[PDB]
Structure formats: C-alpha cells, structure tokens
Amino acid sequence: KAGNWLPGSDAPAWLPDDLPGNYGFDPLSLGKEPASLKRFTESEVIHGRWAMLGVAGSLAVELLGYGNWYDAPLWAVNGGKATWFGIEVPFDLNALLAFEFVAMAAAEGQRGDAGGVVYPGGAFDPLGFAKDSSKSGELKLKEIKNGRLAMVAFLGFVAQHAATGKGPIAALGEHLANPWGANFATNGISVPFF
Amino acid sequence: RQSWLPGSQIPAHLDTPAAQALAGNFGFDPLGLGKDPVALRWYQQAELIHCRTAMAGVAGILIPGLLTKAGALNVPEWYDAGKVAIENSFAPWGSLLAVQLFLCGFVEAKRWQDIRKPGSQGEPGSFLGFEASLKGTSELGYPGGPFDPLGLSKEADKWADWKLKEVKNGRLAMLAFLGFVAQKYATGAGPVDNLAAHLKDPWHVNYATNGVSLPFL
Amino acid sequence: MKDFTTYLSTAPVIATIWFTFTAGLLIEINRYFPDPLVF
Amino acid sequence: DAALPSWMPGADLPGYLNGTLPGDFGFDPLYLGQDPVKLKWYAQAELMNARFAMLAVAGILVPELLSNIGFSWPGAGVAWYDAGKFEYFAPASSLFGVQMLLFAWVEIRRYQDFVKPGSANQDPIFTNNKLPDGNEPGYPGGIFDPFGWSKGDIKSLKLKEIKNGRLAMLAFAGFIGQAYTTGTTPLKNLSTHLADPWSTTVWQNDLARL
Amino acid sequence: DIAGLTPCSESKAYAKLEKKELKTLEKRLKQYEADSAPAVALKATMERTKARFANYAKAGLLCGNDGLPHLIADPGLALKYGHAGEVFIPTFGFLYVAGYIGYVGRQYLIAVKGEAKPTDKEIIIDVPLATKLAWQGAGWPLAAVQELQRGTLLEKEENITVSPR
C-alpha cells in the first residue's frame, strides 16, 4: 500500500495491498465485494485518465488565450464557427455530435467487450514503458495519484466557476494579486453569514 | 418500565420482547394499532420516516426563521417561502414537482422493496456494483453504506442511546410542525413571531386569548 | 345495584340513552351552528 | 462515597465519581455522568471548554487593563464585543476560512488521538519527531510541554487547571450576561461596583430597568 | 358557470327569495308589540334568516333559475371550481363515521362470540367492553386495512352455510 490516509487507523481487511494507490481510504465500504471493487477500480482509472486530459486541455486553452473552459461551446449557443488553435473548423453542432457519438460508441464498445481490462498495453504502449512488470506497479501508483489530483482539480474548476465566474487561470492570478481579499471566503456564497 | 401513564394497563402487544426492542417504547397505544406484529413493524418504519422528515422540515423552518429575526438571514415565512422561491426561479412548480415525484418515487420504491424483503436490494448485477452497499443493517430502517458516512453506528454501547435521540426528537418535531400549522391558522404570523409575542406577555397572549382555540370562551 | 345496572344495560335502555345522547348532540350542534348546508 | 473533598459535606454523593478524574467533588445533581462513555466524553469536553474559556477571559481582561494605563496600541478603546467590526489587514471571512481549516486539522488530530490513545503521536512530515509513548486524551505533553512542568506534582497541577478552567468558564458566562444587561465592558462594571458596592448590585440594576 | 348556473352571490332570484322571506316575517311581526316575547322570537328568526342567506352566498354556492342553491357531485368539478365542501368532504366524513360504527359493532360481536353465552351479551349490552371498543374505534380505517391485508377480514367458503342449489 502507498500509506495510510488517516494516521493511527487500520486499513480495511478487504483492500488488497498490491492494488495501485492503496491508501486504505474506504470509510463507506463501497468496495467491500470483489466484483464491485474490480469495476470501481477500472472506473477510477478511466475517470482519472479523462480528468487528466480535461484538466490539461482546460489549462492549455486558457493559457493560450483561446478563452476559458466554460466559453468553449459558446460558439454553438448563438451561432458561430469553432476555432482550434486559431484555425477555423467547418463542422456544426449537429454534425459534431454524430461523429463523436459514433466514434466514442465504437471505441467504448471495443473496450468494454474485453471484460473490463484496465491495463491493456500492446498497441497502446508502443514505446514499451512497461515492458517489465517490476516497474509497472510503480508507474501505476503515479497514474492513479495524478488521476485523483486531476479529478479534484476539475471539481475545483467547476466549483470556483459557479462560485465566482472567472476561469481557473484568471482565478489564480486574482488570488496571487490579493490572497486575503480573493479566496473561497470572499466569493459570497460559501459562507452566508460573512 | 418507563410508561406514558403511571398505573395505566400497558398493552400486551407492546410488552413483547420484539416490541420493547424499538426505541422510545413508552407503552402508548390506546387504540391498539400495533397489535399485529406486521402492522407494528410497518408503523415503526412510518414513524421513523415521519421523524426524519419532520426533523428536516422543522429545522428548515425554525433555523432560517431564527436567523431572519437577527441580521444573519432574510428568509421569508415558511407559509410564504414557496411563492417567493418560485417567483425568481428557473422552472414552474409543476415541472419541479414532476421531477421531484420521479426522483422520490425511485428511492421510495427501493426502500419499499427492502421493507418487503430485508437486504433484497443487494441483488448481484443490478445497480452497477452499488447494490452491495444498498443492504442495510439487521434492523429495518437503519441502513449503512452510503448512508451514515461518519460510521457512528458501529459503537453498540451508544447505539441503543443514539436511536433514543432520533425517535424522541423526531416525535417533538412532528408536534412542532403541527403547531406551525395551527398557529398559522390562529394568529396569522410566523412561529418565531408567535414565540416573541408570547414572551412579551405570556399571561394574556396564548391559545385561550385568540378566540379561535376556545370558541365557547 | 348489580341487578339495576344489568337492567340499565339491556338493549332498550341502552338504545334510549344512546339515541337521546346522539339526538341531543345533533340538536345542540344545529343550535350553535344554525343552518349548516355545506362545509 | 470516600474521603475526597466534596461540594456538600455529609451529602450522599453518587458512586460513579471515584476521584480518578481531576477536580472530582461529586457534583452531579442531574446525574449526567452516569454513563461511563458519556462521562469519558464530558471530561474531554470540559477540559477543552475550560482551556478555551481561560484564553477567552485572559484575552478579554488583558487588553482592557492595558488600555486604562499609559500603554497604547491600535485597538485599545474598542470593546471585546466590538472587535468584530474593526479594520484589519484582511476581511473577517478570509480569517474565518483560514482558522476553520487549521482548527479542522488540529481537531481531527486530537479526535484521532482521543478515540485511540497514542495513535496520533507521530509527526507526519518528520518521522523522527514524536510525542512520548505514555499519553492520555486531553493531556498531550511532549512538545506541548517544552519545559517539563508536568514531571512534578501532576495531580495538584491538574487540579489547578480544572479549577481555573471552571472559574474562567463562569467568568465568560458573566461577561456575556453583563454585556447583554448593562451594555458596557466588564472592567467598567467592576469599577462601577468598586466605587459604591451597596448601590451597585445586580438586584438594583435589574430593578431600575424593570 | 357550471351547467349554466350562476353563483348565489350574483343571482336576482336569490335576493328576491330572501326579500320574500324577510317580507313575510316582517309582516307577521307588525301585529305584535315591541317588548314582547313573540316580537323577540320573530326578530331572532329574521336574524337567523339573514345570517343563513349571507352564509350561503359567502360559501360560493351555485344557484339556479329558481334562486335556490345547487350541489356539485362530480369530484373533478368540485375540486376544480371550489365546491368540495358540498359533496366530497361530507362524503368522506360519513364514510369515516359509517366505518367507525361498523367496526365498533363488528369488534363487539367478534369479542362476545367466543364467550359462553353470546346471546346474553347481545340482548344485555356489556357497557365496559362496548365503551372500550367505542373509544378504540378511532383507528378503524387503519385496523380495517391491516385486517384486509392479513386475510383475517373475510371468512372462508367452507365455513359458511349455503343452500342445496
């Protein structure tokens, strides 16, 4: 296990030690059954990968001056054209949903028909970064930890946006300009008595 | 043996070992609605649901009303909060009630199925892996898993006392809401305002002075 | 007194007392609430 | 039911108070400490409330006492209850959030050590730093006692701590009562009572406002 | 409004009927003195008439072409146009009292049925048991529904006498 989430507390007896990112954090005992634990493990890994891609995309698009992550589908609310890296795109919302739905359905169907494979490798690992199983477990710990941080970061993005209105990069600069005056307590909705 | 009436004949159905296992057993059943063990179990579930619902409602009425009296909040009266909240809203009351009925019907149907068969909600391959956590404890109406995240029900020594603080308080809340309705049809003001008006002059402002609760006087 | 109470517990005496009580209650209700046609 | 000092000489005190707890005088007419688990929780609650009220009474009395003398500083004429609407370097909301997070961390650490003694005596960052193995809930020791004052007569010192805590709790309740009735700072009420104690009493003050 | 009827508060025949009743009462009152018992009785009757007409018009009743009120028996129309107090609420009130009396009588019969001489308990009413059951019958719908769900409300076919067909 990677450690203990709560010092002094004993880890649950149903969490295997060889599991990547095992911190013994399960106060609700949701992964009590091994069948549910396997599905939740694959779901957590997939969630972390998608969260990493989403956080990286939001930060990149906001740091490149192409608007925040919230103003991304705004071109299809009032009528416009999407621009990727400043290059015009001739696809409308009606055609984008069709191609994305077809491609995602085919890829997800192929992935789910394997019986819940979490670490496929092979075609998805052309560089061979996991050729030996001795170091494969160490990188899995980094992967699940980065995914957990990415999920928390995306939750923070959505929460800070709904609480203030500014984007993640715009909120960071505002907090760095006025730390005591710009935080979660000065937004006005986190603490109603203040 | 604690009783709701010292000297009164406690019913035989309320003296069974199973009936005494329930929290807040004071031998109160003048109509004999708990003679049938199945009926007693169903009514025990109903009392628990009513206690929790009444506690949440009375809390949502009393706390914002007490904060409104001070400068903490500006929440309107409980009998007028519906209109004010639906005025500057995003949907009419009909659409909101429809979504509410759907979402409440799903969970109440699951709770009903678990009442009919305890632990039946843990059927494998039925809730995307979350069915295991949907099985409650040995006592009906006291589930674990997603509910009770702090895990305060694992210590048995306080468990028997914890339930006593849940039913009794709930019973009080059930009467509280009743008062909230009666006072609404007797004084025309809110509960906090009625409390303040009574504290101003208790010897002349009560239910025997409004002329509604005592028409013969 | 046991025989007197048993006689008062017969069907005609009980019927008389019960109907007198019910009739009196209905009469007093209509007296303090004259002409009730609706709720 | 022993030879320990009591709050009523000759009275039949309850048997669950055997003197193990500090400041045991057998005072419980409502029998709130009948349950051993409830009493175990109430001891920690009393100790925490006692130390907090001690810090409160000290922080209420010291600034007002220093303001009445030649000592001067920015917030001197402001009352203890009027310190909330003061111009600081940061808004009260930000400070409230910061203290809530810090108090959450330390209170969770204390709770963890309370449900299991010795389970939180290790510094999470530096493994070498730690607290002594012999420890009880509510009495941390170690770095919390850098001068080793607890190595002496711990029983008398614990009795002093609980007695001072009870006195401070009563004093803070009195501060609240005096602020709600008189509407003036506590030291002002103390000086008012010291000028003429026969006519400056709670009965006289409350009868005048009736 | 409903079925071509008009509210009693806006019906001319309703007001004419009230004026007719008050006119005949006043005409009968003119033959007596002012501080006599028949005059006070007639004035009380007139006040009762005024209060009755005012209360009927205040209740929102629907009057016809004859000036008399009409009742709405359809549950939809009653709950949609504010007429539930005519025939809906009294219907449920009678259902509660009817099932109340029926359940009290049924409980008394079943209780005295297992005794040595039930006929004596039928001609000579056992006042303590009857009073206890009368006070306990307030939960009659709950007890009846619980009895129906348990299957103990009805008797089996084999235990009931029938004709030789």
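A, B, C, D and E are the chain letters, set down in written order, and residue numbers restart from 1 in every chain.
The definition used in the following text is that a contact is a pair of C-beta atoms (placed from the backbone, for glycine too) under 8 Å apart; a residue touches a chain by one contact, two chains touch by 3 or more.
Trainee: Going only through chains that touch each other, what is the minimum step count from subunit A to subunit D?
Mentor: Minimal hop count between subunit A and subunit D: 1.
Trainee: Out of curiosity, which chains are bumping into both subunit B and subunit C?
Mentor: Shared contacts of subunit B and subunit C: E.
Trainee: Considering B-E alongside C-E, which chain pair is linked by more C-beta pairs in contact?
Mentor: C-E
Trainee: Return the chain whose centre of C-alpha atoms lies at maximal distance from the corresponding centre of subunit A.
Mentor: So the chain farthest away from subunit A turns out to be C.
Trainee: Report, in whole Å, the distance between the mean C-alpha point of subunit A and the mean C-alpha point of subunit E.
Mentor: Distance between chain centres, rounded to whole Å: 67 Å.
Trainee: Roughly how far is subunit A from subunit C, going centre to centre by Cα mean, in whole Å?
Mentor: Whole-Å distance between the two chain centres: 78.
Trainee: Any idea how many Å lie between the Cα centroids of subunit B and subunit D?
Mentor: The mean C-alpha positions of subunit B and subunit D differ by 37 Å.
Trainee: Which subunit B residues touch at least two other chains?
Mentor: none
Trainee: In the complex formed with subunit D, which residues of subunit A make contact?
Mentor: Going by the criterion above, the answer is residues 6-9, 180-181, 183-186, 190-191, 194.
Trainee: Which stretch or stretches of subunit E touch subunit C in the complex?
Mentor: Result: residues 48, 51-52, 55-56, 59, 61, 69, 84-86, 89-90, 93, 122-127 of subunit E touch subunit C.
Trainee: In the complex, go through subunit B and note every residue touching subunit E.
Mentor: 30-33, 36, 38-39
Trainee: Residue numbers of subunit D touching subunit A in their complex, please.
Mentor: 89-94, 96-97, 112-113, 116, 119-120, 122, 124
Trainee: Which of the residues in subunit C come into contact with subunit E in the complex?
Mentor: The touching residues are 6, 9-11, 14, 34-35, 37-39.
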